[PDB]
Structures are given as structure tokens and as C-alpha cells.
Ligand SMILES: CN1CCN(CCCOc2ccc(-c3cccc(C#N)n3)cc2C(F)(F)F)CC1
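Just one chain is shown here, as C-alpha cells, and it is the form solved without this ligand.
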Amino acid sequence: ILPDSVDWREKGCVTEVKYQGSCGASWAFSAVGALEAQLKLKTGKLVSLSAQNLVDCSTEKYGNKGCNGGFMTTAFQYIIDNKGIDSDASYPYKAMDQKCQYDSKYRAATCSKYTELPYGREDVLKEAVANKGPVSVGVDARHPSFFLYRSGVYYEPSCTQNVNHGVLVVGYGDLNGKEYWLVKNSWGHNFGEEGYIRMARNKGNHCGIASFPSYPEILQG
């Protein structure tokens, strides 16, 4: 039924790794990354979407607090309600809270719907990654080992299933008997493997990778 390995970068569905800096905007980068892939699949164009638009505009009404944190689910609902999100090129990332400056002239995507997956189900997450595209997730990143990660399949014995950092699952695989999730972070290219981390998969929802998964869709019409 499902492929043993997936890597959506190979289909040209994933934009360059971004750098969040001192603004706690991982939630926004995680949401735009998932939508960028659906935009590519639908239109054939790969376009970075504006994380800053989410930080500045998907705020208290959506239970978000910009650089202090937020949620991918309500970021998607903002895009739905707003009938768009701007390109990153038109509305670039400044790592600061700003006045909402959404301009529909520069709309680069819409969102038709989003779907939340069941907590802790790594099987369901695997299916969504294979059959839908990259999936927005949270992870527990409050361990020095995460910040210091350079390469390999990451396993942190003190990790919890409680999440605090948004990332994007762009694939999965197995390196000689160690299964992993292929994860895009937003701490620049100097983090991990060119901005990516391979995180232990089917090890009991390691670091809460499958705790709160969601993905958007852009439908024909």
C-alpha cells in the first residue's frame, strides 16, 4: 500500500530553508511550508509564501501571538477567512511583530480546507505524507541535543510528546534499520543536514512528531 520512503523535495515541492532568528515563528514557517507544496502540486509553480503575513495578521482572533508563538491550524483558518496569503517576495520576513500589511494585489495562494490528524498515530502520519504531501507538525525541541544536532537519525531519550516548535514533515525513510521522519526546520541552512533533521520514526511518537499534525489543501475551483 505505502512506499517505504518518501522525499517531497525530489518532486520540487519544497522551498528553501528559512531562518526564523529571535522570533518564535516556527508555527508560521511550518504552515506556509505545507501550503507551498500544495500550491506546487496544483499550479506547477514553487513559490515561497509569506510567514510574516501570518505573524502580523493571524493574531489574537486566531489564538496566535506572532513572535511569541501560534498554531498552524489557526494559521490555515486565517488564510481561508482572508481568501489569501501573500508571496514571501511581496511580504518578506523581518523576525519581528508588525502591523498587518496584507495586500491582496500580491496574493500568491489560497487555502480551501485543512485537516488535523489523530494524536500519536505515526501510521496515519505516514499515510498522509505519502498520499497528500508535506505535513505540518510540532515537536518537542526543548533539548540542547536538538539545537546541537548536525547529522544522522536524531534520538533524544529525554524527549516528550508535548510539542513547542513547528516543523514540516517532507518525507520518511529507513537508514539500515533506523526509521526516520524527514523534517524541514526554520533555523537556516547551518542547522542539521542543510536545514533538515531526520527524527526517529515508530519509536513511540518520539518528540511528539505525530502529536498535532495538520495539512492544508487547495482544491480545483
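From 1 onward, residues are counted along the sequence shown.
What follows is about the form deposited with this ligand bound, which we do not show.
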With the partner left out of view, is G21 within 4.5 angstroms of this ligand in the deposited complex by any non-hydrogen atom? yes
Would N190 count as touching this ligand in the deposited complex under a 4.5 Å heavy atom rule? yes
Give a yes/no on whether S186 approaches this ligand to within 4.5 Å in the deposited complex, heavy atoms considered. yes
Is there any non-hydrogen atom of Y106 lying within 4.5 Å of this ligand in the deposited complex? no
I need to confirm a contact call. Of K94, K113, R150, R121, which residue comes within 4.5 Å of this ligand in the deposited complex, counting heavy atoms only? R150
Pick the stretch from 190-198, 174-182, 49-57, 36-44 whose residues have a heavy atom within 4.5 Å of this ligand in the deposited complex. 190-198
